[PDB]
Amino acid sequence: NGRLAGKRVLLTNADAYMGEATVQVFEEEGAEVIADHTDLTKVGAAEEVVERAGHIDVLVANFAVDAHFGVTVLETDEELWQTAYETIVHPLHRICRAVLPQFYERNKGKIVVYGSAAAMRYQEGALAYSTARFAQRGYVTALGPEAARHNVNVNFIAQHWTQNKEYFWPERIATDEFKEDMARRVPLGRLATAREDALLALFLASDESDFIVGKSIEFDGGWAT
């Protein structure tokens, strides 16, 4: 059988960010993927999504927001700042808090967060976004060891240079300027495919990774090494 045989996976914002490749990889490995499209910025929405989903073995916390490439600290206004937190930080705790009771009842569970390498090292021109990804990384760091006492794994994929619409859309990655910047800063010298990212998520969602607790795994071609 497949590496997620029998498992049911709740995927947030399934059309956005890394959702499409998650569905493809996880379904090929036998999982039933609940592809949710609910806006989890609404208070109370997370508990409703979880109640409607039924039995959940794996939560894939898939959240993204415009990074506002090139916007400076002085141009990072109140609304831009707040929107980073409203979009990817507060919903992360809402959805995790909603799924953890059934994980705790069964003394088993899996949470995979698609995050950012901007939560690990300086990424130029993405200030509010970086701080919000740091907050996500902190949530995994703080919740991870707490949830591990209930045999629940929580882990953070610190991705960069990976194909997606929000940060590496086809038009952006085609220019000469982008290509020279990627060759300078990415040791592997290429972008990751979305599938490669979902293959790491697959490892972290599977029962092959039970000993990995509260970790940030840098998925960035060597950028932050």
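Don't overthink the numbering: it's just position in the shown sequence, from 1.
- Relative to its counterpart among 195-203 and 30-38, 30-38 has the higher mean temperature factor, C-alpha atoms as listed in the PDB entry.
- According to the PDB record, 51-59 carries the higher mean C-alpha B-factor of the two stretches 152-160 and 51-59.
- Of the candidates 14, 213, 9, 217, it is 14 whose Cα B-factor is highest according to the PDB record.
- Sorting the modelled residues of the chain by their CA temperature factor places residue 140 in the lowest third.
- In this PDB entry, the Cα temperature factor of residue 112 sits in the bottom third of its chain's modelled residues, the lowest group.
- Sort the chain's modelled residues by C-alpha temperature factor and residue 127 lands in the highest third, per the entry.
- Sort the modelled residues of the chain by CA B factor and residue 80 lands in the highest third.
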